[PDB]
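Student: so I pulled this structure from the PDB, and the sequence comes with it:
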Amino acid sequence: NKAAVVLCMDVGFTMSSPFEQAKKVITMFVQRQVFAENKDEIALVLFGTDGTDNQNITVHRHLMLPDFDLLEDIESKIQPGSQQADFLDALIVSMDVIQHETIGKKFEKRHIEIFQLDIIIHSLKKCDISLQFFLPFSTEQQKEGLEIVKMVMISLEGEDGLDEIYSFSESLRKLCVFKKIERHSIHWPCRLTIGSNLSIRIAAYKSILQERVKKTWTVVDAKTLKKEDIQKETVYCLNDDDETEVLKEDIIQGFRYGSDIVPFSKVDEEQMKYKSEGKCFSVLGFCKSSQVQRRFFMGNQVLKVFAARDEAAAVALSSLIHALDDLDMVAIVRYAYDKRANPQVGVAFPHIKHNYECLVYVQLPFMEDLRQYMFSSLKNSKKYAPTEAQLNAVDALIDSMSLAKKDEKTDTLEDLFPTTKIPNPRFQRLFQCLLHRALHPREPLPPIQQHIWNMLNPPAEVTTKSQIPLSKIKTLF
Amino acid sequence: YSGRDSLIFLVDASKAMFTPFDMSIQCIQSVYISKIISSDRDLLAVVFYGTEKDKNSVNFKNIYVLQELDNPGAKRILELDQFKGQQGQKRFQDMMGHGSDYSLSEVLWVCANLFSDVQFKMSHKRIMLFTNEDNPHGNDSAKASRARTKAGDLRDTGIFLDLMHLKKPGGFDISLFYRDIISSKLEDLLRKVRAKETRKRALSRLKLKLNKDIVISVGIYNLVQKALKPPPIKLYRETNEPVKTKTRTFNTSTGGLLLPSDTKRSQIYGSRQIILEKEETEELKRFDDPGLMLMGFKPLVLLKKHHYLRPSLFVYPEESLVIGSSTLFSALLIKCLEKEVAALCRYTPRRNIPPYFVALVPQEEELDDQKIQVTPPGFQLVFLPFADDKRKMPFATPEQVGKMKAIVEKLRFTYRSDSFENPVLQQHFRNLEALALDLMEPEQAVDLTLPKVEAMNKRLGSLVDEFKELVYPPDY
DNA sequence: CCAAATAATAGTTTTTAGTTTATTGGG
DNA sequence: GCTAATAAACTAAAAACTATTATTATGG
């Protein structure tokens, strides 16, 4: 939840270009910090700078919430220096300025990146201070200090420390840190009920929730640029010759009953309708996985179910999961979120993972939702019987694209084109457009930012492989 | 295929009573409710043959028209209820008589005229016949010949008549007069299992571009759609008439009415107030040309049901402007045994719309023993969740395993596909029909979705009682 | 500069994807 | 002595299904 990050760069002629990569990584990192809605207080320090703010360590920016102005100041006013100064003094100044920040407001985790030794050992390994050392590669005092830090971090972390070095090529070709966007979830305590005798407390979580938006689009006037000068007014004009206002109490919630509209009041509905009172999360029945088909997987929310947050309930749920798994038994659950919830029917099936075993639940449709559309079967339609040459062509096309790692038998097949791990490109496009607007409020038409295509498109070698079967199919037709 | 599915009801008002007539009324009853709640895009009529007070457009004798072909209405049911039950029966014999002459040719002619009077697009001409006799037309052979000729003429026209048995057993085929050209539904029209929506066309047609240029026409059908209540209509508390709403933008006590061009879109991040435009905002959501381009193929092993998205759809082979699309559909669909490597594509309905990656699962031809194709072969348009769709995840002896294995095996369910209905929707329907029709004191239906309490216990036995063998059950 | 026969855009009401609400628990 | 969120129907159009229109090409 809480994070504390500071910037310490070995900027100068030594980066002359890795300096450009470091600059753009810094810009995208601060953009992610701004757009991620984080409560981190960033601070910037400078070393070997003209003027004294007191050891040639001049402090530039204190701690505050990230914003567009800070990024613009970083982009503009921060330029490489031509002075040399001790970086140990810069580290000491950073620790001194972070001491009062820690005292005033407590944090949780510290993370530092880059693109005597006793003091470092004491300060870093004290409570939670940590950093990841990224290299621009793939003077001699700088090299020896770098090596010292290398042994410190591999001794502090171990094998994980050994494999925590990535080149800028691995930060640009592949993605190293680019997915700092996430939404928080609310836990739902509940109690699973089996008939009348059994009632076991459970914890329910929204496993797969549909994409939302943190903010909302605000309409402002082109001159006042504020919602306070906009008054949204909606009125009900009576169906008379002119405009005659009708107030809300004179409005009746009529319903189109066939060819007629019958008056009704929403309060009357509550008076003379009924809903499932309280929470009703109870099993309804059991059947086989064969009967259940993906064609009846309606709804949007995916509800993963764990044990209540006891352990006896946890092992009972695990045993039930195993019992449903080995027999391929699927249970029917009547779901009610709360007292006011709509009565829902769905199916929950066990979730198998090495770390833990979960019970994911999905909703099921009523017969009203299901619809029938009789069609003509094409597998026996002689008027559209496929040609065996077409069969050969499509067979040659099918095996052309093999996104899985079907090369080793001792190792499982792995996707060469992962899909489910790709976020919504629209949110990133919106963020980039907002950044363009902040930087260029006068320049219109933000660029389409084509580099989002590459991870959104199949691998180039896959396309080249596909080029041949598509070519031979095109000649076929 | 827009049009109307007409149906006319005619009953023996001169021979059933010279209860059987009451049963006909009850069977007719609630059919209007079923059509109202199912599909109002249809017309229904009721005409009685044999009466002292005849009424028809051609003014033939013993032909009485109560309701002509029109969409079912609450007033129609309310007025028909005057002739419901025994009191309704005696009212029927009072205000319009009974036991007059019958003329099958004349009633066929007048109902054909009624169908001719229809102005809407037509879909299906159906006639439902109620009579207590299998051969009540043992009269003059001239009338029989005329009736048979008229029946043949209307069948050639497309009018289809269906006659069903009644209180009279009617051994074997029976229908000694109607068997020449015409060859139960008491419960079907009496069970009144009324819950249905409309059916019209399908989803948008997409250009299946295999690589960059070859275009394949497709048709997307949605077999499952979430049910929703009919939209409320704002009425007037004094006259119950619809009120047209009006909304406009005001500039907070200056006088002018702000046009949509006058205002601008905005968002607030931190310190800055980023300003956009409506056209700009809608241009943000545009990514690419809508279409269906194939990403490749991904095996059905890197696809687990724990991750799920908006409900999948069905795509059907369509040939709208490209010839040979159906042939390619046939070629690809039969590749299902070897094509376990599901193909990949990104679904873009239209432009200015965010694209979604969607896998297509080859559906096979599920022909039934009744030689009826359910779920015709196609592709399941399963939506692939994105990275931001997953939230945080929080952190067994075999005897127990066998215990609830026996528990779940003793009590089960066959999982009928159509056996669960939303109680809110059906109870709302009951409320509407109660406050709009007879049974003016409201009634409530019963929902099968509620789990049993003792019937399930009996079918399971008392095993669960001694199956509380977990030490210190987690009950608080 | 009037001189008629024949495609094209667009009057209906249809499904569905951004919309706005009362109940959650943090000085 | 306490705003960490969500079961949101509203005023939602970003399908037009099938029905009059026109400009076109006119012609003798």
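Tutor: Looks like it arrived, so ask away. Numbers count the residues shown, from 1 in each chain, chains lettered A, B, ... in the order given.
Student: let me see the domain layout of chain B.
Tutor: B:4-197, B:198-225+B:289-386, B:226-288, B:387-476 (CATH domains of a matching chain).
Student: who wins for proximity to DNA strand C among these?
Tutor: DNA strand C lies closest to domain B:198-225+B:289-386 among the domains of chain B, at 3.4 Å (C-beta to the nearest atom of the strand). Every residue, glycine included, has its C-beta placed from N, CA and C.
Student: put together JSON lines for the domains of chain B, with distance to DNA strand C on each row.
Tutor: Below are the domains of chain B laid out as JSON lines (distance: least, C-beta to the nearest atom of the strand, whole Å):
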{"stretch": "domain B:4-197", "distance to DNA strand C": "6"}
{"stretch": "domain B:198-225+B:289-386", "distance to DNA strand C": "3"}
{"stretch": "domain B:226-288", "distance to DNA strand C": "6"}
{"stretch": "domain B:387-476", "distance to DNA strand C": "14"}
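Student: may I see the ones you listed arranged in TSV, with mean neighbour count and distance to residue A:278 as well?
Tutor: Formatted as TSV, the domains of chain B follow (neighbours: other C-beta atoms under 10 Å in any protein chain shown; distance: least, C-beta to C-beta, whole Å):
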stretch	mean neighbour count	distance to residue A:278
domain B:4-197	17	26
domain B:198-225+B:289-386	17	27
domain B:226-288	14	23
domain B:387-476	15	13
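Student: out of those domains, which comes closest to residue A:45?
Tutor: domain B:226-288 (22.3 Å; C-beta to C-beta).
Student: list the contacts of the residue in the stretch 301-450 of chain B that chain A sits nearest to.
Tutor: Closest residue of the stretch 301-450 of chain B to chain A, C-beta to the nearest C-beta: residue B:413 (3.1 Å). Neighbour list for residue B:413: A:284, A:285, A:286, A:287, A:332 [criterion: C-beta atoms under 8 Å, 6 or more residues apart in numbering or on different chains].
Student: recalculate using a threshold of 7 Å.
Tutor: Residue B:413 sits next to A:285, A:286, A:287, A:332 when contact means C-beta atoms under 7 Å, 6 or more residues apart in numbering or on different chains.
Student: so which of the domains of chain B comes closest to DNA strand D?
Tutor: Nearest to DNA strand D, of those and by C-beta to the nearest atom of the strand, is domain B:226-288 at 3.7 Å.
Student: that's a strand at residue B:46, yeah?
Tutor: Yes. Residue B:46: assigned to a strand according to DSSP: H, G, I helix; E, B strand; the rest coil.
Student: what's the separation between it and residue A:57?
Tutor: 97 Å (C-beta to C-beta, to the nearest Å).
Student: which residues are contacting stretch B:182-192?
Tutor: B:26, B:27, B:30, B:31, B:33, B:34, B:161, B:163, B:164, B:165, B:175.
Student: biggest separation within those residues, which pair?
Tutor: Top of the distance list for the contacts of stretch B:182-192 (C-beta to C-beta): B:33 and B:175, 29.9 Å.
Student: number of residues surrounding residue A:95?
Tutor: 17 (other C-beta atoms under 10 Å in any protein chain shown).
Student: next: residue A:131.
Tutor: By other C-beta under 10 Å, neighbour count at residue A:131 equals 16.
Student: what's the first-to-last distance across stretch A:34-47?
Tutor: Taking C-alpha to C-alpha, to the nearest Å, stretch A:34-47 runs 25 Å from one end to the other.
Student: which one's the longest strand in chain A?
Tutor: The residue-count maximum for a strand in chain A (DSSP state E) belongs to strand A:198-208.
Student: Provide the contact partners of that strand at residue level.
Tutor: With C-beta under 7 Å, 6+ apart as the criterion, strand A:198-208 contacts A:185, A:187-193, A:301-309, A:313, A:316, A:360, B:306-308, B:385, B:389-391, B:394, B:464, B:474-475.
Student: looking at these, which are in strands?
Tutor: A:188-193, A:302-307, A:360.
Student: did I read that right, residue B:361 in a strand?
Tutor: Yes. With three-state DSSP as the criterion, residue B:361 is part of a strand.
Student: show me what contacts it?
Tutor: Counting by C-beta under 7 Å, 6+ apart, the residues that residue B:361 touches are A:294, B:342, B:379, B:380, B:382.
Student: verify the contact between the third one and residue B:358 for me.
Tutor: No. Using C-beta atoms under 7 Å as the test, residue B:379 is too far from residue B:358 to be in contact (9.4 Å).
Student: can you name the residue of the stretch 51-200 of chain A nearest to chain B?
Tutor: For the stretch 51-200 of chain A, C-beta to the nearest C-beta, closest residue to chain B: residue A:185, 3.5 Å.
Student: ok, now which ones touch the nearest residue to that residue once chain neighbours are set aside?
Tutor: Spatial nearest neighbour of residue A:185, chain neighbours left out: residue B:391 (3.5 Å); criterion: C-beta to C-beta, 6 or more residues apart in numbering or on different chains. The contact partners of residue B:391, taken as C-beta under 7 Å, 6+ apart, are A:183, A:185, A:205, A:206, A:209.
Student: swap in residue A:153?
Tutor: A:133, A:161 are the contacts of residue A:153 under C-beta under 7 Å, 6+ apart.
Student: residue B:251 too?
Tutor: Neighbour list for residue B:251: A:229, A:230, A:231, B:258 [criterion: C-beta under 7 Å, 6+ apart].
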